[PDB]
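Presented below is the structure to which this report refers.
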Amino acid sequence: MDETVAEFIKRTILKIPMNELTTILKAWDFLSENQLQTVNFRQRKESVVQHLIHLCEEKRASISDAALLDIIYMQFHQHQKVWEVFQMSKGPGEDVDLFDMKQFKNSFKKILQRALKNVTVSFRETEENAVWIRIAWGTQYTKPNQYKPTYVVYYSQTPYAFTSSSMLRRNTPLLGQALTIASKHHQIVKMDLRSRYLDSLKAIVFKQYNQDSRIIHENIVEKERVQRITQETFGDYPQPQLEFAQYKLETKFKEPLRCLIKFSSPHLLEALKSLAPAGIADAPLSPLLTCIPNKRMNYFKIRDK
Amino acid sequence: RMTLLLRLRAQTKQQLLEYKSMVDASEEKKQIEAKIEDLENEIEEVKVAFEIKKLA
Amino acid sequence: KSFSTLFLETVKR
Amino acid sequence: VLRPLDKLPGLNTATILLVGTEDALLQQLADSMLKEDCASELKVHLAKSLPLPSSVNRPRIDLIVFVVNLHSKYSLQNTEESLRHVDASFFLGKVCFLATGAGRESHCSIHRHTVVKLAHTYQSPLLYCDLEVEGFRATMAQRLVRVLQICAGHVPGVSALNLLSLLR
Amino acid sequence: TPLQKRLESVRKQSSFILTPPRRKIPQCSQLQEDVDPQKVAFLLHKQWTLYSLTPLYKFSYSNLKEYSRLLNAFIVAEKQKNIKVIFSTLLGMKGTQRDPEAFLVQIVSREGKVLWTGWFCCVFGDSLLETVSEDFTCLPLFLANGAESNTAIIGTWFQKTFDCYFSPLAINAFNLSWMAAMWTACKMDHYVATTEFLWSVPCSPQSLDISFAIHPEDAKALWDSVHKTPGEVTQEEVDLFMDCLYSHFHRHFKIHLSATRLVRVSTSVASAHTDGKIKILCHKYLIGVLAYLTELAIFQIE
Amino acid sequence: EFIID
Amino acid sequence: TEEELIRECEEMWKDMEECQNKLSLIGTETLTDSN
């Protein structure tokens, strides 16, 4: 029920698919149980995106909760808008005895509006104990832009704070700065982990993923070996990186020979696992390629050694 | 069984045929345009040597 | 003679 | 180094040894080559490269079909590397050059002339097919198994030596 | 001579007699005669989806307005099932003087929003001219870039009026590696883009793709390592360039790139895919890149 | 080392 | 029958055992590179 708010809600309501209309509209709380029956969710897309936004016209929707709608949309569509991983680092001392979600919301919004005075920061403390910050940016010269927001999934007391790599503007060093000063840390470092599957980045940065008689195969002693070495490097249930696992090679050919390798698969760490047994790869499959989760890194910048 | 022993006789009268051919080739110790020509004049002459053999 | 089958079939095991 | 007559034959055993870098496709070809209940024992052998780690009791191998996956230049660099460990008396009749992936002609990292030149410069039959599809496998399997009975001597009129005189 | 010459050509092609085409490094093709600088420059950095086009029966480079109307009235009728069609002879996209002049087909929508911009060119394609009669103006190459829907409509119109048939030209990874090698062999300066080779491994469950993007000057120095005979690049030299890539990739990641297939070879000269959406023409070598592309289209036609 | 072998 | 047939059949087995020991003594296993 406002400029860049009502039509913003319209643009985020045609984004959400028809199946999970109830799921996202129930969680953002503006449509109570009585309001759900008024609109027939099963009829049409333009019908619902017109009646629902009217149901907020009577509900006088504001950007503070319109952005929360976008948050809840992305919580089920986090597998888009490839995510950078920021890693905080406190120095020597005790941990953050005060991460009050109210205090963190204050210490983040205050620092962000200290310089980026026109931003619509909207938090959503999820049930997995990970505040799902969404930031619509805009300098003092412009209104906060909700067209391209920068969602930041900060796990509540974790040194790691995922970030939607939207545009990587001059706010990115302020995104990390506000993040590391709201949560009582000192150094913000981009881990350089950049994947589209946040549910896999969560696994990686937390190490949370692993916790006939006639056909005489003459190279059976080699197939057994290659299967063995592909089970002590890729143990069980690898997580889908699905990311351009770059290897910006700077090595001499055996002065350097610059390369910018980009492994690109819908499911990378499983694609590598089925390489050596398929004959494409050697059995010891180059730890540069096996230690993507073990190093918690895929955007490599290797050199010679 | 006799049919199976017959399939064996036959198979061995040809496996020893191959064995004897190879050992005779090992017993022995150029114009590629005609190297296939003095390759062809047996594949016609072994052919008349064994089509009559099969025919007998 | 002939380990083959005339032995192997007869010594089927 | 493999030799044709290094071991003694069985009775109806026709031991063919597939050669190809990709091994799932070799396994599929071996499955199709044993799907038909032929009149010969068919102890099919698989491999990846002709050094063929030296294990005694390996039967008299009656055929080596070099499955050259035309989609991958590796399958030729691993065939041409493996072509140097075949006895010169083995290349006469008991060698075929399967070229899987031919016909798709859009994935071919290898021009089919190159496999033609390789299979002509080694004087051995070259049988195109597309091993990925059973419709072209369950008919190439019955071609490799009738070449098998020729090289293994099961047809009592034609040797492996007579074979290449037919497929020139 | 009118057909039997083509039958003998088919015999020669199917014979496969010692093919390795030692190819001249694409020479700097100074823009011949007119070659409308605005038009050609507009035609360079556009991702042409190649097709193989059989010779057009009863075509003439005088009746462009009649074909323009006949096709415009057909495209908008396929919308019944706002658009202007401008046939435009390019006047310079030809290798020899006897080649047919390349001509465009642009779906111009109000303003000059060229939706489709078709392109038929026959450059250095004198293996088809000397085998087809005079009535056919043969342009083996067809270049789309517009949506596949509009291409699959103008192609139908061309089949209906000219008896020409569009097989989607698919550059096999062998030809792709060839062109990836002769384009890092060129004598260009100020390399526009890195020499990227988008591989795609043949895994059955998964579809991992590799972008072996080399620094364009670094690949030129790697090509000079395997380049010994000047003037013409051989099949062995191309294979050694590709194997130096293989032995710099399997060296690093222990996965045999030679066991994979090229899908796209981006180069400072011209990007080139496999599945058809192939020819981006970054530099003005397009009479040589198009020479290779037409020579490849003959392979599909003949 | 940085296993560049 | 089989008594008389395996008489030379195994005699042919002896001949391949000699011609193989003949072939196992030449033992050249000669290689063939390109050309």
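So residue A:273 ticks every box in (1) more than 27 Å from the chain's Cα centre (by Cα); (2) buried (at least 21 other Cβ atoms within 10 Å of the Cβ); (3) more than 8 Å from every other protein chain (Cβ to nearest Cβ) but one. Which box is left unticked?
(1)
Considering segment A:198-238 alone, what residues qualify as being of a type outside the set (D, E, K, R), assigned to a loop (DSSP other than H, G, I, E, B), within 14 Å of another protein chain (Cβ to nearest Cβ) and crowded, with 16+ Cβ neighbours inside 10 Å?
Those that are of a type outside the set (D, E, K, R), assigned to a loop (DSSP other than H, G, I, E, B), within 14 Å of another protein chain (Cβ to nearest Cβ) and crowded, with 16+ Cβ neighbours inside 10 Å: A:215, A:219, A:230, A:233, A:234, A:238.
Do any residues in segment D:105-132 that are facing chain E (nearest Cβ under 7 Å) have Cβ atoms under 6 Å from those of residues that are among the basic types (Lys, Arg), where the two are at least six apart or on different chains, and which pairs are they?
D:107/E:261; D:109/D:73; D:109/E:261; D:110/D:73
One line per residue, one yes/no per condition, for (1) hydrophobic (A, V, I, L, M, F, W, C); (2) within 20 Å of residue E:153 (Cβ to Cβ):
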residue	(1), (2)
E:86	yes, yes
E:105	yes, yes
E:108	yes, yes
E:123	yes, no
E:126	no, no
E:135	no, no
E:138	yes, no
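Test residue D:19 against the criterion of being within 19 Å of residue D:124 (Cα to Cα) and away from chain E (no Cβ under 14 Å), and give yes or no.
In short, yes.
Among the residues of chain G, which ones are away from chain C (no Cβ under 11 Å), closer than 14 Å to residue B:19 by Cα and of a type outside the set (A, V, I, L, M, F, W, C)?
G:15, G:17, G:18, G:20, G:21, G:22, G:24 - these are the residues of chain G that are away from chain C (no Cβ under 11 Å), closer than 14 Å to residue B:19 by Cα and of a type outside the set (A, V, I, L, M, F, W, C).
For segment E:185-201, does any single residue satisfy the condition of being within 7 Å of another protein chain (Cβ to nearest Cβ) and either surrounded by 20 or more Cβ atoms within 10 Å (Cβ to Cβ) or closer than 15 Å to residue A:253 by Cβ (or both)?
Yes, segment E:185-201 has at least one match.
Which one of the conditions (1) surrounded by fewer than 20 Cβ atoms within 10 Å (Cβ to Cβ); (2) at the interface with another protein chain (Cβ under 10 Å from one of its Cβ atoms) does residue A:259 fail to meet, given that it meets all the rest?
Exception for residue A:259: condition (1).
Could you check how many residues of segment A:189-244 are in contact with a strand residue (DSSP E or B) (Cβ under 7 Å, 6 or more places away or on another chain) and β-branched (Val, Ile, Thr)?
Residues flagged as in contact with a strand residue (DSSP E or B) (Cβ under 7 Å, 6 or more places away or on another chain) and β-branched (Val, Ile, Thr) within segment A:189-244 amount to 5.
Could you say whether any residue in segment E:140-161 is within 14 Å of chain D (Cβ to nearest Cβ), over 23 Å from residue E:27 (Cβ atoms) and of a type outside the set (S, T, N, Q)? Outline the logic, then answer.
Taking segment E:140-161 and keeping what is within 14 Å of chain D (Cβ to nearest Cβ), we get none.
No - not one qualifying residue is present in segment E:140-161.
Consider segment E:131-187. How many of its residues are charged (D, E, K, R) and closer than 29 Å to residue E:223 by Cα?
Result for segment E:131-187: 1.
What number goes with the only condition from (1) surrounded by 16 or more Cβ atoms within 10 Å (Cβ to Cβ); (2) within 14 Å of chain A (Cβ to nearest Cβ) that residue E:217 does not pass?
So residue E:217 meets the others, but not (1).
For a quick check of your reading of the model, give me the residue pairs whose first member lies in segment D:135-150 and is closer than 11 Å to residue D:16 by Cα, whose second is loosely packed, with under 15 Cβ neighbours inside 10 Å and of a type outside the set (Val, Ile, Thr), with beta-carbon atoms closer than 8 Å and at least 6 apart or on different chains.
Pairs that qualify, where the first residue is closer than 11 Å to residue D:16 by Cα and the partner is loosely packed, with under 15 Cβ neighbours inside 10 Å and of a type outside the set (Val, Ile, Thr), are D:145/D:36.
Taking the options D:89, D:82, name whichever one is buried (at least 17 other Cβ atoms within 10 Å of the Cβ), facing another protein chain (nearest Cβ under 9 Å) and among the small types (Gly, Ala, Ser).
D:89
Go through segment A:63-103 and give me each residue that's surrounded by fewer than 17 Cβ atoms within 10 Å (Cβ to Cβ), aliphatic (A, V, I, L, M) and within 30 Å of residue A:31 (Cβ to Cβ).
Matches in segment A:63-103: A:101 only.
Would you list the helices (runs of 4 or more DSSP H) that sit entirely within chain B and hold 3 or more residues that are within 10 Å of chain D (Cβ to nearest Cβ)?
B:2-27, B:37-43, B:45-55
Here is a yes/no grid of residues against (1) more than 7 Å from every other protein chain (Cβ to nearest Cβ); (2) among the charged types (D, E, K, R); (3) within 13 Å of the chain's Cα centre (by Cα); (4) over 17 Å from residue D:144 (Cβ atoms):
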site	(1), (2), (3), (4)
D:30	no, no, yes, no
D:36	yes, yes, no, no
D:42	no, no, no, no
D:47	no, no, yes, no
D:52	no, no, no, yes
D:58	yes, yes, no, yes
D:73	no, yes, no, yes
D:77	no, no, no, yes
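In segment D:113-133, which residues are surrounded by fewer than 21 Cβ atoms within 10 Å (Cβ to Cβ) and not aliphatic (A, V, I, L, M)?
Matches in segment D:113-133: D:113, D:117, D:120, D:121, D:122, D:123, D:125, D:128, D:130, D:132.
What about residue D:149, is it within 14 Å of chain B (Cβ to nearest Cβ) and polar (S, T, N, Q)?
Yes: the conditions hold for residue D:149.
Filter segment A:16-28 down to the residues that are part of a loop (DSSP other than H, G, I, E, B), touching a helix residue (DSSP H, G or I) at 6+ places or on another chain (Cβ under 8 Å) and either loosely packed, with under 15 Cβ neighbours inside 10 Å or at positive phi (or both) and list them by number.
Here is the first cut: in segment A:16-28, the residues part of a loop (DSSP other than H, G, I, E, B) are A:16-20, A:28.
The next check asks that each one be touching a helix residue (DSSP H, G or I) at 6+ places or on another chain (Cβ under 8 Å); those that pass are A:16, A:18, A:28.
If the condition is that a residue be part of a loop (DSSP other than H, G, I, E, B), touching a helix residue (DSSP H, G or I) at 6+ places or on another chain (Cβ under 8 Å) and either loosely packed, with under 15 Cβ neighbours inside 10 Å or at positive phi (or both), then A:18 is the only one that fits.
Look at residue E:234 and say whether it is at the interface with chain A (Cβ under 9 Å from one of its Cβ atoms) and either under 25 Å from residue E:52 (Cα atoms) or among the β-branched types (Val, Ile, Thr) (or both).
Answer is no for this residue.
Are there any pairs with C-beta distances below 6 angstrom linking a residue in segment D:48-77 that is surrounded by 21 or more Cβ atoms within 10 Å (Cβ to Cβ) to a residue that is basic (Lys, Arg) and assigned to a strand (DSSP E or B), with the two at least 6 apart or on different chains, and if so which?
D:71/E:261
Quick one: which residue in E:198, E:222, E:240 is assigned to a strand (DSSP E or B), of a type in the set (A, V, I, L, M, F, W, C) and more than 21 Å from residue E:288 (Cα to Cα)?
Step by step, each of E:198, E:222, E:240 is checked, and only E:198 is assigned to a strand (DSSP E or B), of a type in the set (A, V, I, L, M, F, W, C) and more than 21 Å from residue E:288 (Cα to Cα).
Every number here is computed from the coordinates shown, using simple stated rules; none is lab data. All Cβ positions, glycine included, derive from the backbone under ideal geometry; neighbour counts span all protein chains shown.
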